[PDB]
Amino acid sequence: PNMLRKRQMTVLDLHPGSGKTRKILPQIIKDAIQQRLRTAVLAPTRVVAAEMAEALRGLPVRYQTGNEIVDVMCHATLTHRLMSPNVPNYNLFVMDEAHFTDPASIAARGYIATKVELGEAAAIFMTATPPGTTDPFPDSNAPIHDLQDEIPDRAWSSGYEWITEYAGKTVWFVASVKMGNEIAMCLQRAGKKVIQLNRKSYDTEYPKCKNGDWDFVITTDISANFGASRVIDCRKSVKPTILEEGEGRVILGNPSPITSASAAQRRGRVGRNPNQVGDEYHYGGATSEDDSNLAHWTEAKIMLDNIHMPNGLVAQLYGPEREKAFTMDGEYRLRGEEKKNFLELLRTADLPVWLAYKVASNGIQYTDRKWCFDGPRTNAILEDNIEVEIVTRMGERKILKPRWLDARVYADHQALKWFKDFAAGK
C-alpha cells in the first residue's frame, strides 16, 4: 500500500510463474481506488489487457483497448495519446510486462519515470526481467536443467536424436517463421504433432494448444502459457536494424543474439510447477545486450521527443535504458504541420515510427504518396522475384520504389499488401 505514494518508482522483480497479473495486480488496484489515486494500468500486448479485465472484475475500471478513476490501456495507446494534442493527470502508473522493447513501451517507461522523478506520480513496473537485466537464468518455481546444445535452424535428415526422443511437450523458439516451418515439417515427418504459433496466432493455432494434443509449438516471439516441460531456444531473432548509410534505411538483419531478458522469458515458460521436476531448457548460443542499432531505441527517442511536457523539458528514457542511444534531447521533435503529418502516418497508415519520421521530417504531407515511387531504382521492392507494381486510384501504374526503405513494410506478404494499399492511396 505504501508504494502508491508519489515519487516512488517500484520494480516488482517477480520471477516467472508468480501470477503477478492474477494475484498482485488486483490488490494494487484495490489499494489505488481506496487511496483515490487516478491510475493508468498498462498492458503490452493484445491478450494482457483482456487478462487484466478478468483479473480486475468487481473493480470500477475503465477499459480503453463514467466515474472510474482507473484506466486500462495498451502501452502504445498511452504513448500515441501523449504525442497528440489531445491525457489525464495520473497519480499512479502500473506497467505490466515492463521489459517489452516495443518502441512505444520504451517511450512509455521514459515518460512515466520522468513524471515520477518530478514527484508528480508513483509507478510500479512489473516484470521478471526489468530493464538493466543481465541474468538469463532467473529463479523458478521448480528447478530447470539448463543445457547448451547445438540447435537446428533448418530440417535435418539425421542426428539431433534428443529432439525427437523426448516424450513431453516442447516450445521451440525459432529465428524466423520460414525456419520454423522447415523445422515443423521435419518434425511432422518424424510423426510429431506440431503447432506453428506466429501470425496464424488467434486463427486455429492459439487455442489449438489448449486441447493439449501436440508435441511441439514452434514460435518466434512473445514470451499465454502451455503444457510445455521443455523449451528449445535458438537464442537468436531477426531484429529491425537502422543502417545510417544512404538517406538511411531499416533492415531486417540476419538472426542475431537475443537479450538476457528475452532468454529469461523464453526459459521461464518451464519450471513453473513446483510439483513437476525435470523441466529442461536447451539453448543454442550466447545472449547479448549490445543492441544500440536496434530501430526501437531510436524510435522510442523519436516518440519521447514528440511528447510535450509542462516544464518545457524533454522526457528522457527510463534510467537503465538511457545509454542505448545518446542524442541531444529534442533532436527528433517535430512541430506544426510536420508533427501532424507524422501522427497521421502513424495512426492511420500504421507506418513504423522510423519511416513515419523520415517522411514527415522531410515536409511530406500525409496524402502525398510520391515518395513511395520516386526512390532510386535500387529501392524497387521485389515480390516472388519481380518488381512490385501498383495501380494508383488516379489510374497510373507505378513501380513501388520508396525514397526510404523500412524492411518492416515488406517483411511479409501481409505487410507488403498493406503498404501497397497505402502507396495506391487506398
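Residues carry their position along the shown sequence, with the first being 1.
Engineer: Can you count, per the entry, how many deposited residues between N86 and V87 come without coordinates? Answer none, 1 to 3, 4 to 9, or 10 or more.
Structural biologist: 1 to 3 residues lack coordinates between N86 and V87.
Engineer: Between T287 and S288, what class does the number of missing deposited residues fall in: none, 1 to 3, 4 to 9, or 10 or more?
Structural biologist: Unmodelled stretch: none, continuous chain.
Engineer: Pick between 199-207 and 260-268: the one whose mean CA B-factor in the entry is higher.
Structural biologist: Looking at the record's C-alpha B-factors, the answer is 199-207.
Engineer: Given the B-factors recorded for C-alpha atoms, which segment has the greater mean, 1-9 or 415-423?
Structural biologist: Of 1-9 and 415-423, the stretch with the higher C-alpha B-factor average is 1-9.
Engineer: In the PDB entry, which of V391, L42, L382, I399 has its C-alpha at the highest B-factor?
Structural biologist: Spelled out: the listed residue with the top C-alpha B-factor is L382.
Engineer: Kindly indicate the residue among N273, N225, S105, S237 with the greatest C-alpha B-factor in the PDB record.
Structural biologist: Spelled out: the listed residue with the top C-alpha B-factor is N225.
Engineer: Grab the CA temperature factor for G212 from the record and place it in the lowest, middle or highest third of its chain.
Structural biologist: Highest third of the chain for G212's C-alpha B-factor.
Engineer: Select lowest, middle or highest to describe the third in which the CA B-factor of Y63 falls within its chain in this entry.
Structural biologist: Highest third of the chain for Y63's C-alpha B-factor.
Engineer: Determine, from the deposited record, the chain-internal third of the Cα B-factor for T133: lowest, middle or highest.
Structural biologist: CA B-factor rank for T133: middle third.
Engineer: Sorting the chain's modelled residues by C-alpha B-factor, tell me whether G336 ends up in the lowest, middle or highest third.
Structural biologist: Answer is middle: the recorded C-alpha B-factor places it there.
Engineer: In terms of the chain's CA B-factor thirds, is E161 lowest, middle or highest?
Structural biologist: Answer is middle: the recorded C-alpha B-factor places it there.
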